[PDB]
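Undergrad: For the protein sequence lines, the chains are A and B, in the order given. 19 is the number of the first residue of the first sequence in this note's numbering; add one for each residue after it. 19 is the number of the first residue of the second sequence in this note's numbering; add one for each residue after it. C-beta atoms are modelled at their ideal positions from N, C-alpha and C, and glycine is treated no differently.
Number of protein chains: 2
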Amino acid sequence: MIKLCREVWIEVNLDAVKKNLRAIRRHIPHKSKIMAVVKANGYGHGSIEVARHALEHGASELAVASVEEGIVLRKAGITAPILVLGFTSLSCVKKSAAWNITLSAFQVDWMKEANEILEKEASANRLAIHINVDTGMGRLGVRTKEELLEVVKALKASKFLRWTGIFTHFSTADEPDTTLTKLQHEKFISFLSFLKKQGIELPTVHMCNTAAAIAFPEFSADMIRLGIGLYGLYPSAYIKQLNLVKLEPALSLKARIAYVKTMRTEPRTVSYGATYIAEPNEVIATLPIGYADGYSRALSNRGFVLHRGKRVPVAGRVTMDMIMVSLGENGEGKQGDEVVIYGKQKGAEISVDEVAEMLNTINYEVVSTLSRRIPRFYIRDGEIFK
Amino acid sequence: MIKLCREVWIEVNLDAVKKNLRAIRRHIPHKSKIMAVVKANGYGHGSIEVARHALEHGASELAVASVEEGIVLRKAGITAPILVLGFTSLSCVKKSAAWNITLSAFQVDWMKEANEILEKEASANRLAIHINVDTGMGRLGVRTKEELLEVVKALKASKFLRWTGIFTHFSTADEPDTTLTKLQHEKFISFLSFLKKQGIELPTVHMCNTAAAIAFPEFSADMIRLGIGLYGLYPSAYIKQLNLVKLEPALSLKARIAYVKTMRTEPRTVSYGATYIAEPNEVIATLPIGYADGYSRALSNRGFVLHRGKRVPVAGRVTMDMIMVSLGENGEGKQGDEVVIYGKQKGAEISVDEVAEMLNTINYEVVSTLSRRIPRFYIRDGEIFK
Ligand SMILES: *Cc1c(COP(=O)(O)O)cnc(C)c1O
Ligand SMILES: *Cc1c(COP(=O)(O)O)cnc(C)c1O
Ligand SMILES: [Cl-]
Ligand SMILES: [Cl-]
C-alpha cells in the first residue's frame, strides 16, 4: 500500500462523487444542466481530478474562485466552460479571454473598460461574461432592475464581450425559514422579466446552490451550481434532515502511527503546556498531522481519531505538524498502524460534520482548509491513483 | 503596484527577517550556530526565500517537517544541511541519502533497518542522522539513558549512517514557571554526560527553540533552532514582555477592495445567514479573502481590517473566498483601495498576535495556515520581488 516519507494523506473517492452527481441530476429537472463548483482546490479535494470526474458523469460546466484557478484546469486539458464567481481585475481580461475563461461582472464601467482593453490588444478571442444580480446576499452583483438594464446594454454593445449567463445567490436557502429565499427568487424573476419586456433574450439563467437544488428544485432554471453536495456533504443539518437526496462523503483523511510508547518514566507530561499527564502504563501514539495541515489546534485534548475501529482521544495540545493520542492503559497499537482522522474505519466514523460541530464551524471550512502539503489519492472503480 | 487577477497577496519583508536573525545572533553565545526552522512552508511565509535569506544572514542549517519539504528547498538550489524534525518512514531512506537530507531517528531497529537498505544499494551519500532525546515533550525521541546508549551504539555500528547531531525539545520554555524547563535541561545534560562517560564523543548538540534561546541563551550549546522568532513573532506574551530581544514581524496580508456600495434599497442583508443588516446609508466593501485562504470563519462578525489607517469591521459572516466590511454610513472608499488584513497601515496595526488572541489560538497557527493560493511577494533592501 501507499509509500510516503511523512505518512499523512487524503483519499478522495470519485465513485462517491459520481453517486452524488447522479443523485442531484435525478432530483432536479431533466432540462437543467449542472455546473460543478470546484473553487478553493475543489473544496480541498483537488480541483483537477474532481472536475474531470464531474464532467464525465453529468456536469456541463465548472465554477472557480479566480482566473488562476481556471487556468490550472485548462492546463489539465479541460475544455468545458469555466466561470469565475468572484471579482476579476481588469488587469486579467486579456489573459482570461486567451484561456477561454468566463468572468462574472455587473458594472457598466467594468464592461466598457474590459472591452477597450481587448480592442487595444487586437481581440484574438471574445471574453465570455456572466452577470451577477445581487438579490440579497449583499456580496457582489447589480441590485436594481434599471442598473441591470444599463449593464446589459453596455455588455451587448461590447463586441469583444459575449453574454453567456445571468445569475444570483441565495443567502439562506439552507434554513427552515424560507421567507428570504422566496423573496430573492421573486426579485430575481422580476428583474429577468423586466429585461424580457425590453425585448432582451436571456442567456443561461442559474440561481441554485446545493441547498436550493435539494429544497427548491423548481428554481433550477437552466442550470444549478453544485458545490458542497458534489463532495457528499450537505449544506446544513436542516437540508440533510429533509431526506430528499442521498449523498456519500467523498473525502477521508488518514495517517500511520509514527511512534508508540508506554509512559513508564517521569515526567509523563504530553505536548506543549504540559496540559496532559499520562499514567505509568498508559500507551501514547504519535501521529504526523498538525494544525499547519488544517487539523485545528482547538481539537487540543478534545478530538478523536479511529484506530482499530475505535475512537481514541487527542492527548494534550495539537502541535504544528504532530498530535498525540492515547491508546489507554496497555493499549494495543504499533508503529505503522493506519489511523483515520476524518472518515470511516471498520464500524466507526468521525465525520467532517462531527468535527465541524466540535469546532463550531461548518463542513465547508473543515475540508477547504486542508493544506496542499497533504498528498491526495483518488479512488475510482474501487482502486487508487494520483 | 502588484497586478493580480484576484487581488489578495502576502508581503514578506526579508529586511525584517535579517534583523530578527541578527537580534538573536547578538543575544546567544557567539560560538552557537543557528538552524533556521522553515517547516510548514516557512511558517506560511514561503520556505524557499526565507531559507535563502537566512542562510545568507546568520543561519547555517535548516529544519523542516518532512523529507518532501526538504526536497522542495534542494530543488531551489539550497545546499545547506537540512534536518527533518519528525518521523521519516524507512521507505524514504534511499531518497533522503540521494538528496543529502538529514533525518531524525531514535530507535535501534530503525537505525539497523535503514543501514541495511543502504548497504544493499552501496552507492549513495552516508545518510546523516540526528538522535532525538525525549526529555518531557512526550512526542518523539528516546526517553532513557540505557536505551539512548543502545541507539548510539547501533548508529555507530551502522557504517552507512553518520551521526551529526543530538537534540531535545522544551515543552514549556515560553512560560513564567521555569521548573519543567530546568528539569528538561538537567535531564538532557545528564544523558549526554552519561554518553561521555562511556567514552562517546558528541556531535552537534541543540536544544533551544526561540523561547529558550531568548530566556535561556546559556542553553544554546552548539546550535539553536530558530522558528517563530525568525518571522519576527514571539513564542508567548511572557517571552515578549521580558523585553530582551527586539523582533520585527516579517508578514503582512493585504487585499484590494473588489466592490464598494451603499445599501440604499431592500433587502440590506449581508452575507450568509443574513446575520448582519446594513443601514440605508451604510457603505459595504467586498474583499477577495475568505476562510479557504486561512482567514478564520470565526472572524465572521468580529474581525477588523485596515482601510485608510482605520479599523473597519467584518460585517456578517466570512465566506469561502470573500468577506464584506463596513466603511460605515456615508462612506469614503473606492474599488481598488488597498486594505491591510494582517499588519500595519499608517499608524494603525492589526497584528497576527491580536488575531490569534481573538481566536483563542497562537500566532504560529495564524501564519502557518495561510493558503498557498495567496501569492507571496518578498521585500529585500526596501524593494519588492518574486
Ligand atoms: C461557493 C459558492 C457556491 C457553492 O454552493 P454550495 O452551497 O456549496 O452548493 C454557490 N454559489 C456561489 C455564488 C458561491 O460562491
Ligand atoms: C517547530 C519546532 C521548532 C520551532 O521553535 P519555535 O521557536 O517555537 O518556532 C523548534 N524545534 C523543534 C523540534 C520544532 O519541531
Ligand atoms: Cl455573490
Ligand atoms: Cl519531539
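#1: Here's a check: name, in chain order, each residue in its chain whose Cβ is nearer than 8 Å to the Cβ of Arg70 (chain B), leaving out the five neighbours to either side.
#2: Can we count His148 (chain A) as close to ligand 3, meaning its CB is less than 7 Å from some heavy atom?
#3: Is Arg180 (chain A) a contact residue of ligand 4, with contact defined as CB to any heavy atom under 7 Å?
#4: Can you tell me whether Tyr290 (chain B) is helix, strand or coil according to DSSP?
#5: Measure from the alpha carbon of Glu137 (chain A) to the alpha carbon of each residue in A:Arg43, A:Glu266 and A:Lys112, then state which is nearest.
#6: How would you write the range of the beta strand (DSSP E) that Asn31 (chain A) sits in, first residue to last?
#7: For the pair the stretch 313-320 of chain B and the stretch 373-385 of chain A, tell me if three or more CB-CB distances fall below 8 Å.
#8: Could you compute how far the alpha carbon of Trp27 (chain B) sits from the alpha carbon of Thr304 (chain B)?
#9: Classify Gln259 (chain A): buried if its beta carbon has 16 or more other beta carbons within 10 angstroms, exposed otherwise.
#10: Beta-carbon within less than 6 Å of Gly354 (chain A)'s beta-carbon, same chain only, minus the 5 sequence neighbours each way: which residues are those?
#11: So, with DSSP's three-state summary, where would you put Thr197 (chain B)?
#12: For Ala34 (chain A), does the three-state DSSP call read helix, strand or coil?
#13: Return yes when the Cβ of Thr186 (chain A) is within less than 8 Å of the Cβ of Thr199 (chain A), no when it is not.
#14: Would you say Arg391 (chain A) touches ligand 2, meaning its beta carbon is less than 7 Å from a heavy atom?
#15: Going by DSSP in three states, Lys364 (chain A) sits in which element: helix, strand or coil?
#16: Can you give the Cα-Cα distance for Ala239 (chain A) and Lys130 (chain A), rounded to whole angstroms?
#17: Is the beta carbon of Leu166 (chain B) less than 8 Å from the beta carbon of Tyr396 (chain B)?
#18: What are the partner residues of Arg274 (chain B), as DSSP defines its beta bridges?
#19: I'd like to know whether the C-beta atoms of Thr337 (chain A) and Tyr277 (chain A) end up nearer to each other than 8 Å.
#20: Under 9 Å, CB to CB, which of the residues in the stretch 368-398 of chain A have a partner in chain B?
#21: Please name the residue, chosen from B:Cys110, B:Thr120, B:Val301 and B:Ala115, that lies closest to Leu103 (chain B) on a Cα-to-Cα basis.
#22: Does the separation of the CB atoms of residue 408 (chain B) and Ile302 (chain B) fall below 8 Å?
#23: Counting along the chain, where does the alpha helix (DSSP H) carrying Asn133 (chain B) start and finish?
#24: Once the 5 residues before and after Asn38 (chain B) are set aside, which same chain residues still bring their CB inside 8 Å of it?
#25: Would you please verify whether the beta carbon of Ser344 (chain B) is less than 8 Å from any beta carbon of chain A?
#26: Using 7 Å as the cut-off, classify the Cβ of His71 (chain A) as near or not near the heavy atoms of ligand 4, replying yes or no.
#27: When DSSP builds the beta bridges, which residues end up paired with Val323 (chain A)?
#28: Does the Cβ of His187 (chain A) lie closer than 7 Å to at least one heavy atom of ligand 3?
#29: Following the continuous alpha helix (DSSP H) through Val55 (chain B), name the residue where it begins and the one where it ends.
#30: Using the Cβ count rule (16 or more neighbours within 10 Å means buried), how would you classify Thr197 (chain A)?
#31: Within its chain, find whatever has a CB closer than 8 Å to the CB of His75 (chain B); leave out the 5 residues flanking it on each side and keep chain order.
#32: For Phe237 (chain B), which of helix, strand or coil comes out of DSSP?
#33: Got a sec: does ligand 3 put a non-hydrogen atom nearer than 7 Å to the Cβ of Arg157 (chain A)?
#34: Under the three-state reduction of DSSP, which class applies to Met342 (chain A): helix, strand or coil?
#35: Does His48 (chain B) come out as helix, strand or coil in the three-state DSSP assignment?
#36: Is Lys57 (chain A) near ligand 1, going by C-beta to nearest heavy atom under 7 Å?
TA: On the basis of the supplied data:
#1: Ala94 and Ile96
#2: no
#3: no
#4: helix
#5: A:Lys112
#6: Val26 to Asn31
#7: yes
#8: 16 Å
#9: exposed
#10: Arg274
#11: helix
#12: helix
#13: no
#14: no
#15: coil
#16: 29 Å
#17: no
#18: B:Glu356
#19: no
#20: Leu377, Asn378, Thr379, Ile380, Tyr382, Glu383, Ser386, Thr387, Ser389, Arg390, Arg391 and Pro393
#21: B:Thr120
#22: Since the first and last residues shown for chain B are 19 and 404, residue 408 (chain B) lies out of range.
#23: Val126 to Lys138
#24: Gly247, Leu248, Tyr249, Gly250, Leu265, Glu266 and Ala268
#25: no
#26: no
#27: A:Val330
#28: yes
#29: No alpha helix (DSSP H) holds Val55 (chain B); the beta strand (DSSP E) holding it covers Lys51 to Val55.
#30: exposed
#31: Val35, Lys36, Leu39 and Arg40
#32: helix
#33: yes
#34: strand
#35: coil
#36: yes
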